[PDB]
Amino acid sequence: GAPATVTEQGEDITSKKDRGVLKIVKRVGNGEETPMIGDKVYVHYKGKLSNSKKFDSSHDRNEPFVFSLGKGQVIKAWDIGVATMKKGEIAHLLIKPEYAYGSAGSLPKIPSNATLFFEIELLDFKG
């Protein structure tokens, strides 16, 4: 399935090159620009655990998720991954716990030492 593919075929997008965040582009976005620190970013996403459980989805809420890029409002892998995305891009991320919730997890939804899969669609961003 998709998590397998990004695990096996994804690009390491970390600056450390520690394979902690892997990415594949599912839909190529529009224009070369990518969001920058402080930008208000609007996305749709779905997140799955390594047992296939879908732990969250913005689509299921009929409204996007909004955050300010690069400010630590989200897990590290999102600040890193979303910074790579073009407007309209759909990407998959496969994230080791060091770039997500670590050994603590985030109860009740995210267990300890959880590798996370996301599909993210970047709808828009603005300074």
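Sequential numbering from 1, following the sequence displayed.
Annotation for 19-27 versus 102-110: the higher mean temperature factor (C-alpha) is found in 102-110. A summary of the deposited B-factors shows that, of 84-92 and 35-43, the stretch with the larger mean C-alpha value is 35-43. Split the chain's modelled residues into thirds by C-alpha temperature factor. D60 is in the highest one.
Placement of the Cα temperature factor of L122 within the chain: lowest third of the modelled residues, per the deposited record.
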